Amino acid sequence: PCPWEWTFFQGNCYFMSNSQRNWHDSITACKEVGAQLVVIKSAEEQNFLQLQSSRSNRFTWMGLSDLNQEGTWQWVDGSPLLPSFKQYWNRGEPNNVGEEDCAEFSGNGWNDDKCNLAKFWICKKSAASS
């Protein structure tokens, strides 16, 4: 079972925060609970997490950025953003407006936004590690 206040899906536990943090502080918060700011590995996990964020009406960080090389999106575990996953950007994203280097769930897909903006966040860790 997942810890109190967490969400189970496909053998992992997810913490949907109830406070807001900028993207770096969200990474730290997840590391504090032995988790990671969420790295999506499958289409079904994307569809699941996207829906949680859309129906909660909450702009939410995930563990994805182009801070290192503009236009090259990397997950916080080092894995590249696969071209097929680029289907999950909202229409007209990522658009880098005013420089935007971190990815959030926004509505029915992903947006790039300012990494120093405070948003809700989602951490992920194995249920077996919980």
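The first residue of the shown sequence is 1; numbering continues from there.
In this crystal structure, the stretch out of 81-89 and 51-59 whose C-alpha atoms carry the higher mean B factor is 51-59.
When the mean C-alpha temperature factors of 69-77 and 40-48 are read from the deposited coordinates, 69-77 comes out higher. Per the PDB record, residue ranking by Cα B-factor puts residue 97 in the highest third of the chain. Per the PDB record, residue ranking by Cα B-factor puts residue 29 in the middle third of the chain. Ranked within its chain, residue 12 lands in the lowest third, by CA B factor from the PDB record.
Compared with the other modelled residues of the chain, the Cα B-factor recorded for residue 20 ranks in the middle third.
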